[PDB]
Amino acid sequence: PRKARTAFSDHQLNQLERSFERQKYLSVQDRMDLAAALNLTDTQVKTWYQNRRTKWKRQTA
DNA sequence: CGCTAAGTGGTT
DNA sequence: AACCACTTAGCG
């Protein structure tokens, strides 16, 4: 079974985008800290970072 | 549809 | 274990 697609809250997307604008990569500890602060799993944040770096490369052209 | 979350297969 | 490059697929 695929895992169900996460629907991020406004709060979670806002903080994820702010984190990404500051740092394109996070250390393990920063990734875990951000996940905890946003009530997300480590994997949800890791996955969001990774997909966000894909978008960042597309838009940098 | 537009945007993007999760899965695959491979690289680092 | 995390990333990459791409693929599959859900939801506003």
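The analysis underlying the following values was restricted to heavy atoms, covering all of them including side chains, and did not include hydrogens, waters or symmetry mates. Sequence lines set the chain letters: A, B, ... in the order given, protein chains first and strands last, and positions in each chain run from 1.
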Tell me which residues in residues 48-61 of chain A lie within less than 4.0 Å of DNA chain C, going by non-hydrogen atoms. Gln50(A), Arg53(A), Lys57(A)

Using a cut-off of strictly less than 4.0 Å between a heavy atom of the residue and any atom of DNA chain C, enumerate the qualifying residues of residues 30-47 of chain A by number.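 When residues 30-47 of chain A is checked for heavy atoms under 4.0 Å from DNA chain C, the hits, listed by number, are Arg31(A), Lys46(A).
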
Contacts of type side-chain hydrogen bond (donor to acceptor under 3.5 Å, both in side chains), residue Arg53(A), not counting sequence neighbours: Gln50(A)

Mind checking what makes side-chain hydrogen bond (donor to acceptor under 3.5 Å, both in side chains) contact with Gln29(A), not counting sequence neighbours?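 In terms of side-chain hydrogen bond (donor to acceptor under 3.5 Å, both in side chains), with neighbours along the sequence ignored, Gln29(A) is linked to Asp33(A).
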
With the threshold set at under 4.0 Å for non-hydrogen atoms, list the residues of residues 12-27 of chain A touching DNA chain B in residue-number order.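 Output list: empty, so none.
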
Looking only at side-chain N and O atoms, does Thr54(A) offer a donor or acceptor that is under 3.5 Å from a partner on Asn51(A)? no

Test item: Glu17(A) side-chain N/O and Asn14(A) main-chain N/O as donor-acceptor pair under 3.5 Å: no

Look only at the side chain of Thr47(A) and the backbone of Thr43(A), and say whether a donor-acceptor pair between them is shorter than 3.5 Å. yes

Under-3.5 Å N/O pairs linking protein and nucleotides 8-12 of chain B:
none

Hydrophobic cluster partners of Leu13(A) (side-chain heavy atoms under 4.5 Å):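 Reading the cluster by chain and number, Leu13(A) sits alongside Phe8(A), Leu16(A), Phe20(A), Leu26(A), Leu34(A), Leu38(A), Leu40(A), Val45(A), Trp48(A), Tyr49(A), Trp56(A).
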
Other hydrophobic cluster members with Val28(A), side-chain heavy atoms of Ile/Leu/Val/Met/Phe/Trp/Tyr under 4.5 Å, chained?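 Taking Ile, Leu, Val, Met, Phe, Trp and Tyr as members, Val28(A) shares its hydrophobic cluster with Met32(A).
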
Could you note down all residue pairs passing salt bridge (charged side-chain N to carboxylate O under 4.0 Å, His left out) where residues 37-47 of chain A supplies at least one of them, sequence neighbours left out? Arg31(A)-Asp42(A)

I'd like a table of atom pairs between the protein and nucleotides 10-12 of chain C - only N or O on both sides, under 3.5 Å - with the distance next to each one.
residue: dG10(C); atom: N2; partner: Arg5(A); partner atom: NH1; Å: 3.2
residue: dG10(C); atom: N2; partner: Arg5(A); partner atom: NH2; Å: 3.3
residue: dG10(C); atom: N3; partner: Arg5(A); partner atom: NH1; Å: 3.3

Let me test you: for the helix from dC1(B)-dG12(C) to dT12(B)-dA1(C), what is the angle between the axes at its two ends (five pairs each), rounded to 10 degrees?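 The value is 30°.
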
State whether the number of non-hydrogen atoms from other residues, nucleotides or ligands found under 6.0 Å of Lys3(A) atom NZ is greater than 12.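 Incorrect, the count does not exceed 12.
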
Can you name the residues that form a side chain to side chain contact (heavy atoms under 4.5 Å, CB included) with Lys55(A), not counting sequence neighbours?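 Once residues adjacent in sequence are excluded, the partners of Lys55(A) under the side chain to side chain contact (heavy atoms under 4.5 Å, CB included) criterion are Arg52(A), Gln59(A).
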
